[PDB]
């Protein structure tokens, strides 16, 4: 009865959340479930409701999707067509010890927490979770690159921008699939690592020169790197997949203008491996809530 006597509100999400809802249930947690009216299924301890029906002063924890909220406090859900906004007013009704869990945050969300004096846990800041999550993200990126190109990834020129937690997983998989992979980064240790991985490193400051023959470009850097000048030198058929958190790292307006297909693609793990991704979150959540 790990989570016995604990009350959590689960607000929105995707298929990943189904794994979280299930595990928390089995551990005897009380669960108020918002944004899942389309969810035909039932679970022990789970009560579906509207955000305006939540009993805030008894909630030990608020579980938001990996994406958190938007700048207006709006929470995404694929299990309802209903709008869900998480306000400051709601959060202040919670007990002092109430903790909010997300994947990532933003200014709006960070500001709510700030002013309401509530703790916020951004699960994606845990390098381990971030690394595990890079696996389905890469899978989704590969699936997309294959789907949206009229040529094979095998033998194509592929650039990955950034050799962080995701970039490292993404680049490795394009290479293992037969792409000629080049990775852009600023840090010398990272450029060294790229070389060690048998890939072609380049200093990120030379993107414009280095991307002129690239067929597929995957951005992981959370900053404007795929600028107009970069885009201007790219082949007309290039596919840019931007994995960086909104607004990403691409001049989408310019890409569009010069006819380069560029997409900002979040939530890939929820789309391609929701069971795997969700169970990972569920496992960590059970542990964290049980502290």
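Residue numbers count along the first chain shown, from 1.
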**Request:** Could you say whether, by C-alpha temperature factor, residue 73 belongs to the lowest, middle or highest third of its chain?
**Result:** highest
**Message:** Can you tell me whether residue 164 has a C-alpha B-factor in the lowest, middle or highest third compared with the other modelled residues of the same chain?
**Reply:** middle
**Request:** Quick one: classify residue 82 as lowest, middle or highest third of the chain based on its Cα B-factor.
**Result:** highest
**For residue 58, the third of its chain into which the C-alpha B factor falls** = middle
**Asked** When the modelled residues of the chain are sorted by Cα temperature factor, does residue 196 land in the lowest, middle or highest third?
**Response** lowest
